[PDB]
Structures are given as structure tokens and as C-alpha cells.
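Student: Got an experimental structure here, sequence first:
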Amino acid sequence: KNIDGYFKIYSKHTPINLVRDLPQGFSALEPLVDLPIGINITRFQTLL
Amino acid sequence: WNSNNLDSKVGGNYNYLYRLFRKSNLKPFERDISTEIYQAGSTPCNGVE
């Protein structure tokens, strides 16, 4: 997320045995650290 | 504060400019460093002034 230039990262690990059709289970996401840069972001791209 | 010897040059000042005619209004908490030409009706200039 990007609110007032602050970068929020919510990461969480959970075990699961499935390839598709994600189950209806519930699990929260907790943050780890705040990154207050203060810039604007409009595009993104993942690395493989 | 007022500057009498910091930015007051004899040969004018060309490093500082202000937007006056562009239609794009700068919203708060934003920044735009695009240097283009204002378009009046037809003939979009955008640098072909």
C-alpha cells in the first residue's frame, strides 16, 4: 500500500497442500516494518 | 525570508519558473516535473510551440 508516501508490507506464511482453488480458510496478515520514503508509485512488476 | 544577495543576480533569473497557463492542476502531496506547452483549443503543442 501507499498512503501519504508510506510503504506498507504485509507478509505471512501458512502451510497448505493445494495447487489451485484456494480454500475458504481465514488468516490475518501482520506487518513487519514501515518504509517512509514519500514518493508516488503507479506501476509495478514482479521478478521471476 | 527575503534574499538580497543569495538569488538576486544582475543578469536576471532563469533557473526558477512557475506554472501559469497549463490546465493540469497540481493536487496536494503530488509533484510534476513535466515541461510542456499549453494547448489552446486545437494544435496540441506539447513541445512543438
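Tutor: That came through, no problem. Numbering: from 1, shown residues only, chains lettered A, B, ... in the order given.
Student: what about the residue nearest the centre of chain A, which SS state?
Tutor: Central residue of chain A (Cα atoms, centre = their mean): residue A:10, 4.3 Å from the mean position. Here residue A:10 is recorded as strand under DSSP: H, G, I helix; E, B strand; the rest coil.
Student: does it really touch residue A:28, like I thought?
Tutor: No: Residue A:10 is beyond contact range of residue A:28, at 9.1 Å (criterion: Cβ atoms under 8 Å). (Each C-beta comes from the backbone N, C-alpha and C, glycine too.)
Student: Which residue comes closest to residue A:11 once chain neighbours are left out?
Tutor: residue A:32 (6.2 Å; Cβ to Cβ, 6 or more residues apart in numbering or on different chains).
Student: which SS class is that neighbour?
Tutor: strand.
Student: in which helix or strand would I find residue B:39?
Tutor: Residue B:39 belongs to no helix or strand when assigned by DSSP states H and E.
Student: Please identify the helix or strand for the closest residue to it other than its chain neighbours.
Tutor: What sits nearest to residue B:39 in space, not counting adjacent residues and going by Cβ to Cβ, 6+ apart, is residue B:45, at 5.7 Å. Here residue B:45 sits in a region with no helix or strand, counting by DSSP H and E.
Student: Hmm, residue B:45 is touching residue B:38, no?
Tutor: Yes: if you go by Cβ under 8 Å, residue B:45 and residue B:38 touch, sitting 7.2 Å apart.
Student: I am finished for the moment; much appreciated.
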